[PDB]
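Only one chain comes next, encoded as structure tokens, the form deposited in one PDB entry.
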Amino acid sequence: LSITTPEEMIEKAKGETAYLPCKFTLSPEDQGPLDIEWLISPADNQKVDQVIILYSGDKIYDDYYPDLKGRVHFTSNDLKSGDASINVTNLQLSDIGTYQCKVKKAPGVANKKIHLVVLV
């Protein structure tokens, strides 16, 4: 299982929307249920690997997770097509940090990091 988006740094201004890409391709043995998660490790605290969004069992859980609640959502209307990307709206300085996309389609697994910086 591969995430074809490279690790990169996204820099946007406060108040704008950040698109954090995560596109993936599957290998032949990846026959299990698709599961996608993003995690944040914020620059403003010592917390790491906090879940911000999850697709599992063909359902999306977004605002359920408190970090970035109301502001992080999947961008695609068809995640199964290979697009696990997210948008973070109304960017705040507290959103700065490392975001990790995790894609699983059993037994395959892949992960990729995107760095986000927000400018005043």
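C-alpha atoms forming the largest set that superposes within 1.5 Å between two forms make up the rigid core. Numbering starts at 1 and runs along the sequence shown.
A second form of this protein, the form deposited in another entry, is not displayed here; the remarks below concern that form.
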property	result
Residue showing a 2 Å-or-more C-alpha displacement between the shown form and the other one once the rigid core is overlaid, selected from 60, 26, 48, 51	48
Outcome for the Cα pair residue 51, residue 64 in that other deposited form, compared with this form (closer or farther; change of 3 Å or more)	closer
Distance trend in that other deposited form - C-alpha atoms of residue 64 and residue 40, change of 3 Å or more	closer
